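Asks: model the structure of this input:
(2 chains)
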Amino acid sequence: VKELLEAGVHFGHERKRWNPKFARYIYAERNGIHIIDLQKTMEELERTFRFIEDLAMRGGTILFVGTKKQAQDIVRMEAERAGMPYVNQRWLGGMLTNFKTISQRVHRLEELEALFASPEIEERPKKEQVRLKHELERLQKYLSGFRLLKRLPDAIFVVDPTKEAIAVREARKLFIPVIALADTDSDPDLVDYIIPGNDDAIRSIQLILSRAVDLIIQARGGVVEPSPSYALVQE
RNA sequence: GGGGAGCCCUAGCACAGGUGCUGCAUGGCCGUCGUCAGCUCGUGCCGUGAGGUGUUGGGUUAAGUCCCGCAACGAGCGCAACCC
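Replies: Numbers count the residues shown, from 1 in each chain, chains lettered A, B, ... in the order given. Coordinates below:
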């Protein structure tokens, strides 16, 4: 458990595409690959999961932002289990902020769903229908986990918050708690709460994330087990 | 026996008429870039602002048509389909 899980398959990163304040977190910098300090990282994880279980047991959406394919795939399934409205595919400008507009985009999609199994299965012209198939598909292709986000979200979990500081950027201006997770690449004070840990390792993703999801399922009282994992991680 | 209206004539009078000018006074019809693929709106973000964003990258199509990107996502008059 904990620190010894890391001595297994995950640790520090960076070809020196780093960030100075994160280097205060840092131990060493050999191989060219910074030597993460997973100890005080365990301290961080302590405070992190404190608020995790708190806000989760009280109830209010933490906003799975995984985007890089790897992460994304795993997290998506995990997200479905985590119960939290989630960012699956490529994060697009508008979600965080243009909230009402988003609710409208949903409405177009959801009502496409509603009127996809209607007498429209009979009627309606070909070009209209077929095109509407296409854009219905893509609409759900992006707004899957987002389709279930309807009232002031209260923290995010995210992954590597540089890209996912496109994401941070938004929720950061939005006076909102943002947990989020990365290597010595990103920035510490860029975030509200910090998980200093590599995220190009698919296993790392699996482990820390399942830890969090289980933390929120234990906020409500339980904890089962994940389906997505070691599978496509290595094969 | 006149007187009444309409209708025709003759000098008068208001009046008309113009394929006479000027499209540097114009409507309208259009010739015309040219079926060129463009023109623009909503919110968010951006810049002190003008304004930007959208539409700035890459294919692809008849085409701003569609698709991967992208601080954005749509909607609009055209494009298309809708009349033959």
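Asks: got the contact list for the residue in chain A that RNA strand B sits nearest to?
Replies: With CB to the nearest atom of the strand, the shortest gap between chain A and RNA strand B falls at residue A:93, namely 2.3 Å. Any C-beta I mention is one placed from the backbone N, CA and C, and that applies to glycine too. By CB atoms under 8 Å, 6 or more residues apart in numbering, the contact list for residue A:93 reads A:166, A:170.
Asks: that's a strand at it, yeah?
Replies: No: under DSSP: H, G, I helix; E, B strand; the rest coil, residue A:93 sits outside any strand and is assigned coil.
Asks: any idea how far it is from residue A:15?
Replies: Distance of residue A:93 to residue A:15, given as CB to CB, to the nearest Å: 29 Å.
Asks: please apply the same query to residue A:8.
Replies: In this view, residue A:8 and residue A:15 are 23 Å apart by CB to CB.
Asks: what residues sit buried inside stretch A:108-115?
Replies: Neighbour counts using 16 or more other CB atoms under 10 Å place A:109, A:112 of stretch A:108-115 among the buried residues.
Asks: and if you look at stretch A:26-41?
Replies: In stretch A:26-41, counting by 16+ other CB under 10 Å, buried: A:26, A:33-34, A:36-38, A:41.
Asks: now swap in stretch A:86-102 and tell me
Replies: Residues of stretch A:86-102 classed as buried: A:86-89, A:91, A:95-96, A:99, A:102 (neighbour count, 16+ other CB under 10 Å).
Asks: could you do stretch A:149-161 as well?
Replies: A:149, A:153-161.
Asks: before we move on, back to that, next step: the buried residues of stretch A:26-41 restricted to helices.
Replies: A:38, A:41 (DSSP state H).
Asks: can you tell me which two in the buried residues of stretch A:26-41 are farthest apart?
Replies: Distance extremes for the buried residues of stretch A:26-41: the farthest pair is A:33 and A:41 at 16.2 Å, using CB to CB.
Asks: quick one on the thing from earlier: which phi and psi does the residue of chain A closest to RNA strand B have?
Replies: phi -70, psi 110 (degrees, to the nearest 10).
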